[PDB]
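Visitor: Sequence first, structure after, both from an experimental entry:
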Amino acid sequence: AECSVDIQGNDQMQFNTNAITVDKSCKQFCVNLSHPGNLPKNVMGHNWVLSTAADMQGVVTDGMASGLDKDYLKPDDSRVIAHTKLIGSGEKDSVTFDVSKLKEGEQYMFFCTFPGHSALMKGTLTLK
Ligand SMILES: [Cu+2]
């Protein structure tokens with residue numbers, strides 16, 4: 001619970017938190033994403049996708065283009081630090097990543113890459 005967070009994406013196209021802080025002393029960090037609400041993945045899909053603020057736009061744009069079967073993520077996208085898969089209602093998914101992939105003083109953003117969603121479905125992550 002020191003090195004992990006629980007996040008929900010619902011049918012209102014929103015995350016239930018908008019800022020995550022990763023403690024420097026964590027060796028690894030975990031995000032658990034769940035999808036309450038009742039809409040299917042093809043219509044209201046949420047992933048939890050992490051990049052630098054600088055790369056967010058590019059990741060969203062290219063993810064948009066890659067289609068549903070690719071979880072709206074460009075395959076092998078180098079800008080994606082960590083991601084869950086794309087989930088629909090009733091589903092849940094985890095991602096654990098090495099905290100050493102982060103550095104102090106850089107601004108990270110987490111976002112959903114289902115088309116259109118990142119407008120509302122974004123938040124900050126920073127390494128303290
Ligand atoms: Cu979404």
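Guide: Yep, that arrived. Numbers count the residues shown, from 1 in each chain.
Visitor: C-alpha only now, for contacts and for neighbours.
Guide: Will do.
Visitor: and the residue of the chain nearest the ion?
Guide: residue 46 (3.2 Å; CA to the ion).
Visitor: List the contacts of the residue positioned nearest the centre of the chain.
Guide: Nearest to the mean C-alpha position of the chain, counting by CA atoms, centre = their mean, stands residue 48 at 1.9 Å. Remark: with contacts taken as CA atoms under 8 Å, 6 or more residues apart in numbering, residue 48 is in contact with 31, 33, 83, 84, 85, 110, 111, 112.
Visitor: Go again with 7 Å.
Guide: 33, 83, 84, 110, 111, 112 (CA atoms under 7 Å, 6 or more residues apart in numbering).
Visitor: got the contact list for the first one?
Guide: Listed by CA under 7 Å, 6+ apart, the contact set of residue 33 reads 6, 7, 8, 48, 92, 93, 94.
Visitor: before we move on, what about the second one?
Guide: Taking CA under 7 Å, 6+ apart as the criterion, residue 83 is in contact with 47, 48, 49, 50, 95.
Visitor: Neighbour-wise, which one of those residues leads?
Guide: residue 47 (29 neighbours; other CA atoms under 10 Å).
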